[PDB]
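Trainee: so I pulled this structure from the PDB, and the sequence comes with it:
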2 protein chains.
Amino acid sequence: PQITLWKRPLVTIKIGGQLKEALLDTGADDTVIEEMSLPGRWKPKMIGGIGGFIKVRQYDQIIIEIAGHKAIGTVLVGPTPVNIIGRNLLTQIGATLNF
Amino acid sequence: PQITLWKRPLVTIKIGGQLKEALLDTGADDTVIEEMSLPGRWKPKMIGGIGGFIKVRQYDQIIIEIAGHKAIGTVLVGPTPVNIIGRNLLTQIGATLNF
Ligand SMILES: CC(C)(C)NC(=O)[C@@H]1C[C@@H]2CCCC[C@@H]2CN1C[C@@H](O)[C@H](Cc1ccccc1)NC(=O)[C@H](CC(N)=O)NC(=O)c1ccc2ccccc2n1
Ligand SMILES: [Cl-]
């Protein structure tokens, strides 16, 4: 599978039993999802990007499916305008940047 | 070359005749470089990310070298925390995401 970048590399994910669209993002350390109820324990975190920081809820050991690939890892929930799959999960689904 | 994502995908770039380090970022539509003196005509623009928008200088038709590959395109210059190479130039150097 190879994804060119003339458009946003959006894929379908399954998280908390719901389908969402998310951006495959090699520039993001972390995976950040829009506000949603997720069951289970979490802890407060702040994460930064181009316009500054947002508060998120950090959930560890979340089961997620990304474009058909299974993953288990940390998901941050908070007011991102776009759902983002960052390197912590891109490494699990085997993504590489070929240039 | 193929980049795994266990670490940040940082590469050397050449802009304005100066070497810098920048992040290869499939989640960014645009290329944003830290404040620097750069010759060329520009115009103001807002660009956004997590945390909101920042004001930048939009330079069109800038010659940039990214990991040894020459590209020409729009560069935004402003108070970004990190230099980022986004899809407008990743496509020009032929970068793909594979998995
Ligand atoms: C998600 C998080 C874990 C916080 N990581 C990061 O944000 C790190 C931070 C690094 C240090 C500072 C400079 C940016 C780098 C790159 N990144 C990721 C990097 O990939 C980040 C991910 C992202 C995408 C969409 C919207 C928000 C955020 N992209 C961006 O910050 C780019 C900047 C640009 N080109 O205009 N934003 C966008 O391309 C973009 C697209 C759609 C939008 C819709 C509404 C509002 C904003 C929107 N921004
Ligand atoms: Cl919900």
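Mentor: The structure has been received and is ready for your questions. Numbers count the residues shown, from 1 in each chain, chains lettered A, B, ... in the order given. Ligands and ions are numbered 1, 2, ... in the order given.

Trainee: can we go C-alpha only for contacts and neighbour counts from here?
Mentor: Will do.

Trainee: just the strands in chain A please.
Mentor: Along chain A, counting by DSSP state E, strands occupy A:2-3, A:10-15, A:18-24, A:32-33, A:43-49, A:52-66, A:69-77, A:84-85, A:96-98.

Trainee: please compute how far the third one lies from its chain's middle.
Mentor: Averaged C-alpha coordinates place strand A:18-24 at 8 Å from its chain's average position (Cα atoms, centre = their mean, to the nearest Å).

Trainee: do that strand and chain B come into contact?
Mentor: Yes - using Cα under 8 Å from any Cα of the partner chain, strand A:18-24 reaches chain B at A:23, A:24.

Trainee: pull out the buried residues from that strand.
Mentor: A:21, A:22, A:23, A:24 (16 or more other Cα atoms under 10 Å in any protein chain shown).

Trainee: and for stretch A:26-35?
Mentor: A:26, A:27, A:28, A:29, A:30, A:31, A:32, A:33, A:34.

Trainee: what about that stretch, how long is it end to end?
Mentor: Stretch A:26-35 has an end-to-end distance of 22 Å (criterion: Cα to Cα, to the nearest Å).

Trainee: tell me which residues touch the closest residue in space to residue A:68 that isn't next to it in sequence, please.
Mentor: Among residues not flanking residue A:68 along the chain, residue A:13 sits closest, at 7.7 Å (Cα to Cα, 6 or more residues apart in numbering or on different chains). Neighbouring residues of residue A:13 by Cα atoms under 8 Å, 6 or more residues apart in numbering or on different chains: A:19, A:20, A:21, A:22, A:64, A:65, A:66, A:67, A:68.
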